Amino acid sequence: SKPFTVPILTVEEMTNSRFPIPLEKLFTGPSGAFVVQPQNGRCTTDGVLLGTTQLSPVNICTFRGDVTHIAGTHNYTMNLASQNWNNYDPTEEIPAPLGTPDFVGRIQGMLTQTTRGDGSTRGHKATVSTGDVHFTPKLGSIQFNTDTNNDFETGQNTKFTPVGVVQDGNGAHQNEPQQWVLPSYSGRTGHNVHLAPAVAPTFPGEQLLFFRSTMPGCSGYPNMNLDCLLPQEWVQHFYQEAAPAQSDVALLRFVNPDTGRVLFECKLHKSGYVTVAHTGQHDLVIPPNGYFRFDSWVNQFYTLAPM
């Protein structure tokens, strides 16, 4: 059996799998108060992509399609295409187009467009509100609020590039986005389907280990914390390697290569998430060259050294 491995990359060398930004830090905290069911950054250790997860770090929270103006507004409806501009297949066994945002919030970035006939181009700031009833990416349709009332043309390739998140400063601060609330990918037309499962640690004394970034904020007082369950590079790696899983739990050690010392150990579950033995909120203190190293497959009874 091909030996399982994780990448030799530091945290700061890696990328969030839920928004196209670098990782910053490792965080652990209790998660009983919410449902942890992200759909990006979901992959088994033997390389099966789950949810809306795809390989490209730059395609996370991007959309592509054609747009139609909503008369009397600055809003546009986008009829989605696939990430390579092929027709979007709404019958694929996924919750939504690959890379669709997996949280309720207002995501700001730019819409850009090229006129096929002559190579003329145009671009405008735009925001997608993933909690609104017009956010129906599984159906192939979403809406953007933009800074134009007439510039985008119909029947022309149009891309949304995400930048960051927005909040309404008149509501309680940091009340949005809600990173652990999934959109309704078909709006009010249907329930979510083909979801990667919710994750919840149940081994005594364990919490999830989160790979954390701070999303750019574009307006108001947003909650900019964004926690993913796997770095994007781990998704990419497992997809490549497809190493057989011996058991349901891979034991990783986080090591300082300068000293050889183990800082902590953690469980990488076959279904694609990480737990540590800790209780409470904690920003992990790690050396700048530290990285994760797979050491062995362990059984259901294995108890981690306390963090």
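The first residue of the sequence shown is number 1, and the count goes up from there. Here the rigid core means the biggest group of C-alpha atoms that line up within 1.5 Å when the two forms are laid on top of each other.
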Rigid core superposition, C-alpha RMS per stretch in 5 other deposited structures of this protein: which comes out larger, 141-149 or 181-189? 181-189
Out of 124-132 and 197-205, which one drifts farther from the shown form in 5 other deposited structures of this protein in terms of CA positions, with the fit done on the rigid core? 197-205
With B-factors read from the PDB entry, the higher C-alpha mean of 257-265 and 271-279 is in 257-265
Determine, for stretches 209-217 and 145-153, which one has the higher mean CA B-factor as deposited. 145-153
Have a look at 26, 50, 33, 251 and flag the one whose Cα has the highest B-factor in the entry. 33
Based on the PDB entry, the highest CA temperature factor among the options 87, 232, 179, 113 is that of 87
On the chain's distribution of Cα B-factors, residue 21 falls within the third called lowest
Is residue 99 in the lowest, middle or highest third of its chain when residues are ranked by C-alpha B-factor? lowest
Ordered by C-alpha B-factor within the chain, which third holds residue 67? Give me lowest, middle or highest, please. middle
Within this chain, which third does the Cα B-factor at residue 199 fall in: lowest, middle or highest? middle
Assigned third (lowest, middle, highest) for the C-alpha B factor of residue 224: middle
